Amino acid sequence: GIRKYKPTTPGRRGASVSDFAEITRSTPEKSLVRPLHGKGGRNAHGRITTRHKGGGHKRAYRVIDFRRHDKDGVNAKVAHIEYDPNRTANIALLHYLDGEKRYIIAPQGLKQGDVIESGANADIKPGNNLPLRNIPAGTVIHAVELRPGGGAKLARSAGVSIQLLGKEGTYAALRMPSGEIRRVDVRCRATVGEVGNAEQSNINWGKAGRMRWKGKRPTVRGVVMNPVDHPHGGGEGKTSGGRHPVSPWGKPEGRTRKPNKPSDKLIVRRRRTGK
RNA sequence: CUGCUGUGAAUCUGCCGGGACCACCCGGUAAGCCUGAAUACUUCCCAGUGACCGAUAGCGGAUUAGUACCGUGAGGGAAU
RNA sequence: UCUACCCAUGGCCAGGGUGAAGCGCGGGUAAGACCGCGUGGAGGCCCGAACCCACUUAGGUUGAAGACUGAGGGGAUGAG
RNA sequence: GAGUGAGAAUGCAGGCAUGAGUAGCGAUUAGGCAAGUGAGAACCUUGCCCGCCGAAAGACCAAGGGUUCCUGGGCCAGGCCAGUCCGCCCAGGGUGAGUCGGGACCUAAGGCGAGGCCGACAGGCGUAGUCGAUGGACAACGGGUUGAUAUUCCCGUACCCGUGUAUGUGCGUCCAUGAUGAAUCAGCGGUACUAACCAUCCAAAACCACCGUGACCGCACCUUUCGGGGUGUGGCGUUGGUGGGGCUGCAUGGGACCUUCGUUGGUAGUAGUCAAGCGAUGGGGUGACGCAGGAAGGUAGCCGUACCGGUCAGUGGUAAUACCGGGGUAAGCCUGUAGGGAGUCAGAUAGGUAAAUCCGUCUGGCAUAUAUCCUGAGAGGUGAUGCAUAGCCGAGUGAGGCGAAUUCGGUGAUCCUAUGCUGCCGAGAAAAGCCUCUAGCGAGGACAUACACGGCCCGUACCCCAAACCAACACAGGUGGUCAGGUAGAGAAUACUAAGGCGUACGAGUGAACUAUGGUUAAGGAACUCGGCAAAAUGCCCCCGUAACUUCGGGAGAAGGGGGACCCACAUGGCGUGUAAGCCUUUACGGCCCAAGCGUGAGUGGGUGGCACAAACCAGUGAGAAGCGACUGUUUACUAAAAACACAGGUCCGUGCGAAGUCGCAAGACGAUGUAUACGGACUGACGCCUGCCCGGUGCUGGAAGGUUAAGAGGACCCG
RNA sequence: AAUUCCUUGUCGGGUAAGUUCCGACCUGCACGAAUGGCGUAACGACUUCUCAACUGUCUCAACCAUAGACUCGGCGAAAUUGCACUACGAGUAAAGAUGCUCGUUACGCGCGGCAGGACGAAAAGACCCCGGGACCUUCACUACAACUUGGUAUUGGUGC
RNA sequence: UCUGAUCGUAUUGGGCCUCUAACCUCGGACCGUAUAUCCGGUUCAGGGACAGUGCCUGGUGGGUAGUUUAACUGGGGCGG
Ligand SMILES: [Mg+2]
Ligand SMILES: [Mg+2]
Ligand SMILES: [Mg+2]
Ligand SMILES: [Mg+2]
Ligand SMILES: [Mg+2]
Ligand SMILES: [Mg+2]
Ligand SMILES: [Mg+2]
Ligand SMILES: [Mg+2]
Ligand SMILES: [Mg+2]
Ligand SMILES: [Mg+2]
Ligand SMILES: [Mg+2]
Ligand SMILES: [Mg+2]
Ligand SMILES: [Mg+2]
Ligand SMILES: [Mg+2]
Ligand SMILES: [Mg+2]
Ligand SMILES: [Mg+2]
Ligand SMILES: [Mg+2]
Ligand SMILES: [Mg+2]
Ligand SMILES: [Mg+2]
Ligand SMILES: [Mg+2]
Ligand SMILES: [Mg+2]
Ligand SMILES: [Mg+2]
Ligand SMILES: [Mg+2]
Ligand SMILES: [Mg+2]
Ligand SMILES: [Mg+2]
Ligand SMILES: [Mg+2]
Ligand SMILES: [Mg+2]
Ligand SMILES: [Mg+2]
Ligand SMILES: [Mg+2]
Ligand SMILES: [Mg+2]
Ligand SMILES: [Mg+2]
Ligand SMILES: [Mg+2]
Ligand SMILES: [Mg+2]
Ligand SMILES: [Mg+2]
Ligand SMILES: [Mg+2]
Ligand SMILES: [Mg+2]
Ligand SMILES: [Mg+2]
Ligand SMILES: [Mg+2]
Ligand SMILES: [Mg+2]
Ligand SMILES: [Mg+2]
Ligand SMILES: [Mg+2]
Ligand SMILES: [Mg+2]
Ligand SMILES: [Mg+2]
Ligand SMILES: [Mg+2]
Ligand SMILES: [Mg+2]
Ligand SMILES: [Mg+2]
Ligand SMILES: [Mg+2]
Ligand SMILES: [Mg+2]
Ligand SMILES: [Mg+2]
Ligand SMILES: [Mg+2]
Ligand SMILES: [Mg+2]
Ligand SMILES: [Mg+2]
Ligand SMILES: [Mg+2]
Ligand SMILES: [Mg+2]
Ligand SMILES: [Mg+2]
Ligand SMILES: [Mg+2]
Ligand SMILES: [Mg+2]
Ligand SMILES: [Mg+2]
Ligand SMILES: [Mg+2]
Ligand SMILES: [Mg+2]
Ligand SMILES: [Mg+2]
Ligand SMILES: [Mg+2]
Ligand SMILES: [Mg+2]
Ligand SMILES: [Mg+2]
Ligand SMILES: [Mg+2]
Ligand SMILES: [Mg+2]
Ligand SMILES: [Mg+2]
Ligand SMILES: [Mg+2]
Ligand SMILES: [Mg+2]
Ligand SMILES: [Mg+2]
Ligand SMILES: [Mg+2]
Ligand SMILES: [Mg+2]
Ligand SMILES: [Mg+2]
Ligand SMILES: [Mg+2]
Ligand SMILES: [Mg+2]
Ligand SMILES: [Mg+2]
Ligand SMILES: [Mg+2]
Ligand SMILES: [Mg+2]
Ligand SMILES: [Mg+2]
Ligand SMILES: [Mg+2]
Ligand SMILES: [Mg+2]
Ligand SMILES: [Mg+2]
Ligand SMILES: [Mg+2]
Ligand SMILES: [Mg+2]
Ligand SMILES: [Mg+2]
Ligand SMILES: [Mg+2]
Ligand SMILES: [Mg+2]
Ligand SMILES: [Mg+2]
Ligand SMILES: [Mg+2]
Ligand SMILES: [Mg+2]
Ligand SMILES: [Mg+2]
Ligand SMILES: [Mg+2]
Ligand SMILES: [Mg+2]
Ligand SMILES: [Mg+2]
Ligand SMILES: [Mg+2]
Ligand SMILES: [Mg+2]
Ligand SMILES: [Mg+2]
Ligand SMILES: [Mg+2]
Ligand SMILES: [Mg+2]
Ligand SMILES: [Mg+2]
Ligand SMILES: [Mg+2]
Ligand SMILES: [Mg+2]
Ligand SMILES: [Mg+2]
Ligand SMILES: [Mg+2]
Ligand SMILES: [Mg+2]
Ligand SMILES: [Mg+2]
Ligand SMILES: [Mg+2]
Ligand SMILES: [Mg+2]
Ligand SMILES: [Mg+2]
Ligand SMILES: [Mg+2]
Ligand SMILES: [Mg+2]
Ligand SMILES: [Mg+2]
Ligand SMILES: [Mg+2]
Ligand SMILES: [Mg+2]
Ligand SMILES: [Mg+2]
Ligand SMILES: [Mg+2]
Ligand SMILES: [Mg+2]
Ligand SMILES: [Mg+2]
Ligand SMILES: [Mg+2]
Ligand SMILES: [Mg+2]
Ligand SMILES: [Mg+2]
Ligand SMILES: [Mg+2]
Ligand SMILES: [Mg+2]
Ligand SMILES: [Mg+2]
Ligand SMILES: [Mg+2]
Ligand SMILES: [Mg+2]
Ligand SMILES: [Mg+2]
Ligand SMILES: [Mg+2]
Ligand SMILES: [Mg+2]
Ligand SMILES: [Mg+2]
Ligand SMILES: [Mg+2]
Ligand SMILES: [Mg+2]
Ligand SMILES: [Mg+2]
Ligand SMILES: [Mg+2]
Ligand SMILES: [Mg+2]
Ligand SMILES: [Mg+2]
Ligand SMILES: [Mg+2]
Ligand SMILES: [Mg+2]
Ligand SMILES: [Mg+2]
Ligand SMILES: [Mg+2]
Ligand SMILES: [Mg+2]
Ligand SMILES: [Mg+2]
Ligand SMILES: [Mg+2]
Ligand SMILES: [Mg+2]
Ligand SMILES: [Mg+2]
Ligand SMILES: [Mg+2]
Ligand SMILES: [Mg+2]
């Protein structure tokens, strides 16, 4: 949940931290972890393609299974629920009966010791993973694939879920987290439930340092820079830029979705803004 | 005459040239290939010549010279 | 090889204070809220060396120095 | 025929004046004397004093340098003066490793990159690879020696890899020993072709009743004069629909013949299969990890002391009572304590890119013990009849020789247990290595002792917070790591000092002005000045006492005020420590208590002295109000540190996933090993209260009715 | 008012006396709501004003010590430089004279001091102008990358 | 044959619907391969004559680039 600090110092004052209430264990599986390093927002040319990234507290990658297909009718019990740097949600550590350990994105209402079965025959209880064709229309699902066997892609993040609106032919129509309605192939798997840590968003970081640890460097505002740097720059005084707002690279505001994309044939409407 | 993109022919009353283009004359025979000599040049060696220099000149360099020395480096660069 | 940011891997940070959550004991109640006292040892917390800066001032100003020196000054478990 | 004429280009090269025998001669330590050498001495050698550093200006290294090191010479250049001296010049010498730092071991970021993809060409990325320590793994310590090296040589004692022989154990295949095992035929039940059996579903062909009537027939009524035409009914035909009854097929479920599979009689525990040791390039464990924080248990060091050796320091007092100097010794091998860590046997199972007795998971049983096992500080033993040492001898640069005691306490680490434990959230490298598991090799091979051997390449001198490196200089600057004595003190601050090291390269004088850097000051006390700039002041410990306002934490060390030296008494006390004794035992590296001994405050009472008792050094100025920025941060290296930038928070716009966005001609990359509670962009900037009106202008978003509009189609007309 | 030209606006407070400061007034030259508006505890080597304490900052200076300066010994530079046995006054002149005129004053040579002049030294004025650059802006001109429109090639079949 | 209305057989463009065989897939699974998230191949599942890429063409285009931006003037600007 949210544990709020007492203002014992000006930094800590508004701030809050996640009460980690769902954490059974502090120490990830030595098998399922890969090493990882920060790129600091620089590509293979070493240039900065993505500004504002860097700093950061060194972190190791847990290998999540988004791919779950293999195990069928093999029931797993949830061993621990532990904490993952790389993503917003938690991760459940499953033990199959096969004696194979896997991580999954921890669903909502998943408690330690539960049973979870993936396959066709499975129940519509939380945590279970089944192809969209076997799911009663109108449920709430998450970690959804795109193509049949393309891994889980939609609705991974904390507190978030997809409503499955219906079924026609080989297309099942989903309402995305964004509020946008998109069609998809009924062969592709989904997981049943919402996603844990729905309080994630009310964490109030409270001091610059904290955001630094988490990896974000500071951001300089356009209007401040010289006109050589940024299009908004310049002026003697404070300015509003005196120009219609743009990126630092001069491209204006507006729709950036490139038209003609293939998937565009699937999409029923895009999200609506400020309605 | 020639590049790329399209369209796309005829085999000798054929086809291409004769400064848009058309006729008549003349010339030639595309879309296959080789080919010496006459012409250009001197890192390098031999033999010379000079109304060229003669040591602040002549090569940056007659003396340890691309050395000493300067510069992270590309590079610069003496004096006797 | 200076400097700006990043990445990997190491090291450093005398000494002193303050006393967060949590936990415990007693109170308080129907059970709470809540109130003492204990542990406990949080923090871009406080005082202050190493260290990192460079605020004021005096001197230097063909300098000891192509940017220093002396007095004081700021940060000093952290965006170090 | 001219490279033909110079006074001037802040002209170029060289030589030389003027300033001028002038400024300087490089800190914040400081030198003096006697003798010595020598042509010559403020500066060189020795001696005796004095002074300075002492978390350094001492000791040892990395980087960098490259002979600067040692001996013997030198003394025109160099050294800011001289010079016999030198870090300068000349000659010779000097660097010794199985273990220390690296390679032959391992990988991180990153580099390169066979094929490869992309790119007119040049090339851009990148897979397998292979490199790349600042990290991981891996075996040594004390003492002595030379003019110069030493964890390298030597002495003593270890450890780690390999190789050969010899000996003894115990195993092996051959022989055989255990364990098991499945295969076929033969006696049987439910899977299950196939004809049915049972139950139900449905309706072609449809039997019947009713209504609706393509059209036809027309009886009756209305209608225009009559027609057209509308209505009521029936005869039927069925573009038709509805309710009841049966046959046929169909599907499904249930038992059953075929078939098979499972079960058990014969064999065939016979022909099979495995088992000594090696064992992966394969599987699994481990390796393997943040930051903070103590508490605890230890030692190193230091301070005492039993004991040992010694001195009389021409002064008033002091012969042992006083004083000075000793009061040492490693790795390793034993031993396994404080601390910390751990459930274990049997069955099944294929999940672990084949197989696994291993690992995982599921079952079970058996365990709450100080049981067991691993780990591990230090105590103790050995190492050590040795080595070292305070001194004492004579010889004298020096050589060498002898060599006493070598107990018990206190204090105490930032070091060790500890890569531990406990919290916390920001969730904290890899690979080799070592341990195992089989695949696989295998007739031979393991284990111990003894003996004999092999142990490679590079660094190794000297400087290293500096006159030896970077700074053009023998330059007040810069440069990472390791050691850390004493008395005061909270302390690695400061003061004084040990060990050790220096006095550092111009001097000698002299009361000038003036300048700098320190010092003191009657009376007044900001009158100074742009401005209390600069000084002065405050300053420590322990008590007392503290306001407005407040986001309830702060403000606050607010302000303001008191005590502090020495001596005695309380006190043969209080607290810490802990020995003898005592008590207790599961008798051990035990526990409990502890007279003595050593250490140390705090306080109360009484004295004593001074101008002053935080006596030096060290060490907050405080209070009221306003603007700006919430805050810690950051910034114009070399005139600007702020009110600027950042910030946590806010709102908007974009982005549905090799996304948007950026880097690239592309491939590809980052975004992100993320997925709308996420990511990019823009403005605002903690918190509180709030955020009004305008869509004409110009942007963005959406929309096509028109109006305008390219190439492509179209070739009427016209011309040759 | 970090915004108010007129302006030291007007009043109150503080001072013996206040162009600054604090509090109001509103006649806002030319405030105003995320280029945010109005507040705000804590914080500031920020700016501004007042007070206590304390003082050589001052009335008004004095004395002392070191390091320079000064003397002697040794070494031994620099920037600068058309010349030279290089006065002053009133004038004159490219309009500010050591150097010209008329006068007045002054023995030769040093040494220590001070800074009025030498339009002193330094740096081919940074201000201003003119010419030339550069870099920045944009509904200046013209282009190009990027982004996009339709045609055509790669590109085919059956249907309406 | 003409003022004109039509069918069916041709030609030829326009829209629309589908299909699969070009083409596309950072979808799967095997193989090259002992080791490869590279790359290539086979196959499966999808898209599908669209998209992408050429050539032609119209836009948008301070994102970048080259440049221009007068003179007189009782200094220059403003004015004229
Ligand atoms: Mg590169
Ligand atoms: Mg960003
Ligand atoms: Mg998380
Ligand atoms: Mg947030
Ligand atoms: Mg905050
Ligand atoms: Mg910003
Ligand atoms: Mg700016
Ligand atoms: Mg720039
Ligand atoms: Mg711009
Ligand atoms: Mg600006
Ligand atoms: Mg402005
Ligand atoms: Mg704005
Ligand atoms: Mg602007
Ligand atoms: Mg949004
Ligand atoms: Mg040819
Ligand atoms: Mg020459
Ligand atoms: Mg000559
Ligand atoms: Mg060089
Ligand atoms: Mg406490
Ligand atoms: Mg408490
Ligand atoms: Mg702090
Ligand atoms: Mg502070
Ligand atoms: Mg200073
Ligand atoms: Mg001076
Ligand atoms: Mg200082
Ligand atoms: Mg300080
Ligand atoms: Mg201070
Ligand atoms: Mg401090
Ligand atoms: Mg000439
Ligand atoms: Mg001449
Ligand atoms: Mg000349
Ligand atoms: Mg000259
Ligand atoms: Mg001279
Ligand atoms: Mg002079
Ligand atoms: Mg003189
Ligand atoms: Mg002098
Ligand atoms: Mg000196
Ligand atoms: Mg000096
Ligand atoms: Mg003498
Ligand atoms: Mg000391
Ligand atoms: Mg070194
Ligand atoms: Mg000598
Ligand atoms: Mg000499
Ligand atoms: Mg000399
Ligand atoms: Mg020497
Ligand atoms: Mg030599
Ligand atoms: Mg490469
Ligand atoms: Mg190649
Ligand atoms: Mg290597
Ligand atoms: Mg290393
Ligand atoms: Mg030595
Ligand atoms: Mg040694
Ligand atoms: Mg790990
Ligand atoms: Mg831990
Ligand atoms: Mg201790
Ligand atoms: Mg006597
Ligand atoms: Mg003694
Ligand atoms: Mg097991
Ligand atoms: Mg021992
Ligand atoms: Mg620790
Ligand atoms: Mg050997
Ligand atoms: Mg060397
Ligand atoms: Mg050595
Ligand atoms: Mg050495
Ligand atoms: Mg030293
Ligand atoms: Mg220099
Ligand atoms: Mg040097
Ligand atoms: Mg020196
Ligand atoms: Mg130096
Ligand atoms: Mg340092
Ligand atoms: Mg000390
Ligand atoms: Mg000190
Ligand atoms: Mg001293
Ligand atoms: Mg000494
Ligand atoms: Mg004098
Ligand atoms: Mg004097
Ligand atoms: Mg003075
Ligand atoms: Mg006075
Ligand atoms: Mg007085
Ligand atoms: Mg006053
Ligand atoms: Mg005044
Ligand atoms: Mg005055
Ligand atoms: Mg004033
Ligand atoms: Mg001051
Ligand atoms: Mg003072
Ligand atoms: Mg208090
Ligand atoms: Mg006080
Ligand atoms: Mg206060
Ligand atoms: Mg005892
Ligand atoms: Mg007894
Ligand atoms: Mg007992
Ligand atoms: Mg008295
Ligand atoms: Mg203080
Ligand atoms: Mg106000
Ligand atoms: Mg600030
Ligand atoms: Mg604010
Ligand atoms: Mg800075
Ligand atoms: Mg500056
Ligand atoms: Mg500051
Ligand atoms: Mg400054
Ligand atoms: Mg800034
Ligand atoms: Mg806010
Ligand atoms: Mg923000
Ligand atoms: Mg934000
Ligand atoms: Mg993109
Ligand atoms: Mg906006
Ligand atoms: Mg702002
Ligand atoms: Mg509008
Ligand atoms: Mg509009
Ligand atoms: Mg409009
Ligand atoms: Mg509106
Ligand atoms: Mg539009
Ligand atoms: Mg046309
Ligand atoms: Mg004001
Ligand atoms: Mg006024
Ligand atoms: Mg007034
Ligand atoms: Mg006043
Ligand atoms: Mg006011
Ligand atoms: Mg205004
Ligand atoms: Mg508004
Ligand atoms: Mg606005
Ligand atoms: Mg603001
Ligand atoms: Mg305000
Ligand atoms: Mg305020
Ligand atoms: Mg600050
Ligand atoms: Mg400040
Ligand atoms: Mg003097
Ligand atoms: Mg002299
Ligand atoms: Mg000169
Ligand atoms: Mg005149
Ligand atoms: Mg005159
Ligand atoms: Mg005259
Ligand atoms: Mg004359
Ligand atoms: Mg004179
Ligand atoms: Mg003068
Ligand atoms: Mg002067
Ligand atoms: Mg002057
Ligand atoms: Mg000029
Ligand atoms: Mg100009
Ligand atoms: Mg196409
Ligand atoms: Mg196209
Ligand atoms: Mg543009
Ligand atoms: Mg431009
Ligand atoms: Mg041009
Ligand atoms: Mg003009
Ligand atoms: Mg004018
Ligand atoms: Mg004029």
# chains A, B, ... in the order shown; residues from 1 in each chain; ligands from 1
call {"tool": "select_by_dssp", "arguments": {"residues": "region 7-146 of chain A", "states": "strand (DSSP E)", "output": "VMD selection string"}}
result
chain A and resid 16 to 18 33 to 34 61 to 62 75 to 83 90 to 96 101 to 105 115 to 117 129 to 131 140 to 142
call {"tool": "write_last_selection", "arguments": {"atoms": "N, CA, C and O atoms", "output": "CSV table (one decimal), in the first residue's frame"}}
result
chain,number,residue,atom,x,y,z
A,16,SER,N,6.1,9.8,0.1
A,16,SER,CA,5.5,8.6,0.5
A,16,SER,C,6.3,7.4,-0.1
A,16,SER,O,7.1,7.6,-1.1
A,17,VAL,N,6.2,6.2,0.4
A,17,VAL,CA,6.8,5.0,-0.2
A,17,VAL,C,5.8,3.9,-0.3
A,17,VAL,O,4.8,3.9,0.4
A,18,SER,N,6.1,3.0,-1.2
A,18,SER,CA,5.2,1.8,-1.2
A,18,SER,C,5.4,1.0,0.0
A,18,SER,O,6.5,0.6,0.3
A,33,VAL,N,17.7,-15.2,-13.0
A,33,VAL,CA,18.2,-13.8,-13.1
A,33,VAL,C,19.3,-13.7,-14.1
A,33,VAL,O,20.2,-14.6,-14.2
A,34,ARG,N,19.3,-12.7,-15.0
A,34,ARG,CA,20.3,-12.4,-15.9
A,34,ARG,C,21.0,-11.1,-15.5
A,34,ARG,O,20.3,-10.3,-14.9
A,61,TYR,N,18.1,-8.3,-14.1
A,61,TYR,CA,16.9,-8.6,-14.8
A,61,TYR,C,16.3,-9.9,-14.4
A,61,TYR,O,17.0,-10.9,-14.4
A,62,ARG,N,15.1,-9.9,-13.9
A,62,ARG,CA,14.4,-11.2,-13.7
A,62,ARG,C,13.8,-11.6,-15.0
A,62,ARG,O,13.3,-10.7,-15.8
A,75,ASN,N,-0.4,-28.0,-13.3
A,75,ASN,CA,-0.7,-26.9,-12.3
A,75,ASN,C,0.5,-26.4,-11.6
A,75,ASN,O,1.4,-27.2,-11.4
A,76,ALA,N,0.5,-25.2,-11.3
A,76,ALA,CA,1.6,-24.6,-10.6
A,76,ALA,C,1.1,-24.0,-9.3
A,76,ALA,O,-0.1,-23.5,-9.3
A,77,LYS,N,1.8,-24.0,-8.2
A,77,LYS,CA,1.5,-23.3,-7.1
A,77,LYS,C,2.4,-22.1,-6.9
A,77,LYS,O,3.5,-22.1,-7.3
A,78,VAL,N,1.8,-21.0,-6.4
A,78,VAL,CA,2.5,-19.8,-6.3
A,78,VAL,C,3.4,-19.8,-5.0
A,78,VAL,O,2.8,-19.8,-3.9
A,79,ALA,N,4.7,-19.7,-5.2
A,79,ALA,CA,5.6,-19.9,-4.1
A,79,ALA,C,5.8,-18.6,-3.3
A,79,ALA,O,5.5,-18.6,-2.1
A,80,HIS,N,6.4,-17.6,-4.0
A,80,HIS,CA,6.5,-16.3,-3.4
A,80,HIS,C,6.0,-15.2,-4.3
A,80,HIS,O,5.8,-15.4,-5.5
A,81,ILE,N,5.8,-14.1,-3.7
A,81,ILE,CA,5.6,-12.9,-4.5
A,81,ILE,C,6.7,-12.0,-4.2
A,81,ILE,O,6.8,-11.4,-3.1
A,82,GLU,N,7.6,-11.7,-5.1
A,82,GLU,CA,8.7,-10.8,-4.9
A,82,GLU,C,8.8,-9.6,-5.8
A,82,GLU,O,8.0,-9.5,-6.7
A,83,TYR,N,9.8,-8.8,-5.5
A,83,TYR,CA,9.8,-7.4,-6.0
A,83,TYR,C,10.7,-7.3,-7.2
A,83,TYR,O,11.8,-7.8,-7.2
A,90,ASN,N,4.5,-6.5,-9.5
A,90,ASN,CA,5.3,-7.5,-8.8
A,90,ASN,C,5.5,-8.8,-9.6
A,90,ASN,O,5.0,-8.9,-10.7
A,91,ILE,N,6.2,-9.7,-9.1
A,91,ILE,CA,6.3,-11.0,-9.8
A,91,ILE,C,6.1,-12.1,-8.9
A,91,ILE,O,6.6,-12.2,-7.8
A,92,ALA,N,5.2,-13.0,-9.3
A,92,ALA,CA,5.0,-14.3,-8.6
A,92,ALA,C,6.0,-15.3,-9.1
A,92,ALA,O,6.2,-15.4,-10.3
A,93,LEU,N,6.6,-16.0,-8.2
A,93,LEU,CA,7.4,-17.1,-8.5
A,93,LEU,C,6.6,-18.4,-8.4
A,93,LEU,O,6.2,-18.9,-7.4
A,94,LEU,N,6.3,-19.0,-9.6
A,94,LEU,CA,5.6,-20.3,-9.7
A,94,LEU,C,6.5,-21.5,-9.6
A,94,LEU,O,7.5,-21.5,-10.3
A,95,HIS,N,6.1,-22.5,-8.9
A,95,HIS,CA,6.6,-23.8,-9.0
A,95,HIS,C,5.6,-24.7,-9.7
A,95,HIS,O,4.5,-24.9,-9.2
A,96,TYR,N,6.0,-25.2,-10.8
A,96,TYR,CA,5.1,-26.2,-11.5
A,96,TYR,C,5.3,-27.5,-10.7
A,96,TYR,O,6.1,-27.6,-9.8
A,101,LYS,N,10.8,-23.9,-12.2
A,101,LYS,CA,10.5,-22.6,-11.6
A,101,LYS,C,10.3,-21.5,-12.7
A,101,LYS,O,11.2,-21.4,-13.6
A,102,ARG,N,9.3,-20.7,-12.6
A,102,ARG,CA,9.1,-19.6,-13.5
A,102,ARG,C,8.6,-18.3,-12.8
A,102,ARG,O,7.9,-18.4,-11.8
A,103,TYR,N,8.9,-17.2,-13.4
A,103,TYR,CA,8.3,-16.0,-12.9
A,103,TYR,C,7.1,-15.6,-13.8
A,103,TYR,O,7.2,-15.8,-15.0
A,104,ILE,N,6.1,-15.0,-13.2
A,104,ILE,CA,5.1,-14.4,-14.0
A,104,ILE,C,4.8,-13.0,-13.4
A,104,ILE,O,5.0,-12.8,-12.2
A,105,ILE,N,4.2,-12.1,-14.2
A,105,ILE,CA,3.6,-10.9,-13.7
A,105,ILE,C,2.6,-11.3,-12.6
A,105,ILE,O,1.7,-12.1,-12.9
A,115,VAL,N,-3.3,-22.2,-6.5
A,115,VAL,CA,-3.1,-23.0,-7.7
A,115,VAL,C,-3.4,-22.3,-9.0
A,115,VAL,O,-4.5,-21.6,-9.0
A,116,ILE,N,-2.6,-22.4,-10.0
A,116,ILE,CA,-2.7,-21.8,-11.3
A,116,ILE,C,-2.5,-22.7,-12.4
A,116,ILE,O,-1.4,-23.3,-12.5
A,117,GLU,N,-3.5,-22.9,-13.2
A,117,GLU,CA,-3.4,-23.8,-14.4
A,117,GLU,C,-3.5,-23.1,-15.7
A,117,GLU,O,-4.5,-22.3,-15.9
A,129,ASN,N,-3.9,-18.9,-17.4
A,129,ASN,CA,-3.5,-18.4,-18.7
A,129,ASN,C,-4.2,-19.2,-19.8
A,129,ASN,O,-3.8,-20.4,-20.0
A,130,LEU,N,-5.1,-18.6,-20.6
A,130,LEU,CA,-5.7,-19.4,-21.7
A,130,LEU,C,-5.9,-18.6,-23.0
A,130,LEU,O,-6.1,-17.4,-23.0
A,131,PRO,N,-6.0,-19.3,-24.1
A,131,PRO,CA,-6.3,-18.7,-25.4
A,131,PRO,C,-7.6,-18.0,-25.4
A,131,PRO,O,-8.6,-18.5,-24.8
A,140,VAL,N,-12.2,-9.7,-17.6
A,140,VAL,CA,-11.1,-8.8,-17.5
A,140,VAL,C,-9.8,-9.5,-17.5
A,140,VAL,O,-9.6,-10.4,-16.7
A,141,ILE,N,-9.0,-9.2,-18.5
A,141,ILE,CA,-7.8,-10.0,-18.8
A,141,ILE,C,-6.5,-9.1,-18.8
A,141,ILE,O,-6.7,-7.9,-18.9
A,142,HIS,N,-5.4,-9.7,-18.8
A,142,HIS,CA,-4.2,-8.8,-19.0
A,142,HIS,C,-3.0,-9.6,-19.6
A,142,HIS,O,-3.1,-10.8,-19.8
call {"tool": "interface_residues", "arguments": {"of": "chain F", "to": "chain A", "cutoff": "8 Å", "atoms": "only C-alpha atoms (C1' of nucleotides)", "output": "list in words"}}
result
residues 27, 28, 45, 51 and 63 of chain F
call {"tool": "residues_around", "arguments": {"residues": "region 53-57 of chain B", "least_positions_apart": "3", "cutoff": "9 Å", "atoms": "only C-alpha atoms (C1' of nucleotides)", "output": "list in words"}}
result
residues 62 of chain B; 13 and 14 of chain D
call {"tool": "atom_distance", "arguments": {"atom1": "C1' of residue 19 (chain C)", "atom2": "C1' of residue 48 (chain C)"}}
result
19.9 Å
call {"tool": "residues_near_ligand", "arguments": {"ligand": "ligand 127", "cutoff": "12 Å", "atoms": "only C-alpha atoms (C1' of nucleotides) and all ligand atoms", "output": "list in words"}}
result
residues 508, 509, 510, 511 and 512 of chain D; 65, 66, 67, 68, 69, 70 and 71 of chain E
call {"tool": "write_last_selection", "arguments": {"atoms": "C-alpha atoms (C1' of nucleotides)", "output": "PDB file, in the first residue's frame"}}
result
ATOM      1  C1'   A D 508      76.072  40.740   6.072  1.00  0.00           C
ATOM      2  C1'   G D 509      74.258  45.271   8.177  1.00  0.00           C
ATOM      3  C1'   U D 510      71.132  49.211   9.778  1.00  0.00           C
ATOM      4  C1'   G D 511      65.767  52.182  15.035  1.00  0.00           C
ATOM      5  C1'   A D 512      64.602  56.667   7.476  1.00  0.00           C
TER       6        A D 512
ATOM      7  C1'   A E  65      58.216  43.711  15.544  1.00  0.00           C
ATOM      8  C1'   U E  66      59.233  41.112  11.190  1.00  0.00           C
ATOM      9  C1'   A E  67      59.533  41.103   5.079  1.00  0.00           C
ATOM     10  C1'   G E  68      60.768  44.439   1.558  1.00  0.00           C
ATOM     11  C1'   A E  69      62.703  49.532   0.775  1.00  0.00           C
ATOM     12  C1'   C E  70      68.115  51.877   2.435  1.00  0.00           C
ATOM     13  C1'   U E  71      74.119  50.684   2.988  1.00  0.00           C
TER      14        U E  71
END
